[PDB]
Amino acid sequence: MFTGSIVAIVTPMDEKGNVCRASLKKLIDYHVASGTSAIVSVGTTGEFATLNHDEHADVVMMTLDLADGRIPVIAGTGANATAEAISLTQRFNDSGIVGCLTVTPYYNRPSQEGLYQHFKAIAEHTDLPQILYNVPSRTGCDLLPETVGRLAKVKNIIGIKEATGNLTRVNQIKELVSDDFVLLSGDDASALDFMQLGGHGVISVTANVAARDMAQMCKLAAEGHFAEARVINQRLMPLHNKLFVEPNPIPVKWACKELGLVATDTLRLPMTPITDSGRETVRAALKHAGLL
């Protein structure tokens, strides 16, 4: 499933920074019960940067095992070296994942032609559906609509997670791609606006703690009931902002712990523990959303 409310799931960790199977199970059951459309495993929110390849694969496989066919799983498979992205993708071929979420190379700042060759090569060597991921504030590069249009001609490049927050991208991309190419927001605070403009859903941090409200918001949006959706969005807006009051996923993991969905809020360095002021801001946002 590549539409509606898709959660960019936290990778819950014990105090040692190793994946907590019991916490992950509780999250997955929560998403199944709450109507989340799909789970993005080891995306940005899942701390892909600080897992090594083996651990990253372990988490995807554990998520599939625990999901047990009840909810679709999309794996984070991005890398900043094209060989590495291919390699990681091969580990998931015939795993049971429904598709891959693949970020533009970060740090090295390739040209648009470099991005085209990068994604073309990755798509060539899998039959899995690929969702491109643009997040310039993290990567230092910006995958432009023209290049997205070029890549959407590749059979198994099927959509894009657009995380610029620049809403003009929706229709710039839509006019260059076929009607079946999926446009997903990667920016919770602008996601409803993104859907109103023609987007198909959101790959969401907020959904980690407000899964039912997110699922109902995205359904209302898909039906054209934007005023109704916007009531939900306004109750969620403090979370859409304050889940980034300190670096994601610091706030959302604390929030998941506060709700009892995970055993510990531990992250891996260079992510550090939430500050006291951050706890108080996040808690206020959870209360605004009616979750505590």
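The first residue of the shown sequence is 1; numbering continues from there.
- Mean CA B-factor, 151 to 159 versus 111 to 119: the higher value falls on 151 to 159.
- Between 53 to 61 and 31 to 39, it is 53 to 61 that carries the larger average Cα temperature factor according to the deposited entry.
- Which of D142, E146, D193, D179 has the largest Cα B-factor in the deposited entry comes down to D179.
- As recorded in the entry, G78 carries the highest CA temperature factor of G199, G186, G78, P136.
- Compared with the other modelled residues of the chain, the Cα B-factor recorded for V282 ranks in the middle third.
- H125: CA B factor in the highest third of modelled residues in this chain (values from the PDB entry).
- When the modelled residues of the chain are ordered by C-alpha B-factor, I9 sits in the lowest third.
- Compared with the other modelled residues of the chain, the Cα B-factor recorded for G165 ranks in the middle third.
- Ranked within its chain, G96 lands in the highest third, by CA B factor from the PDB record.
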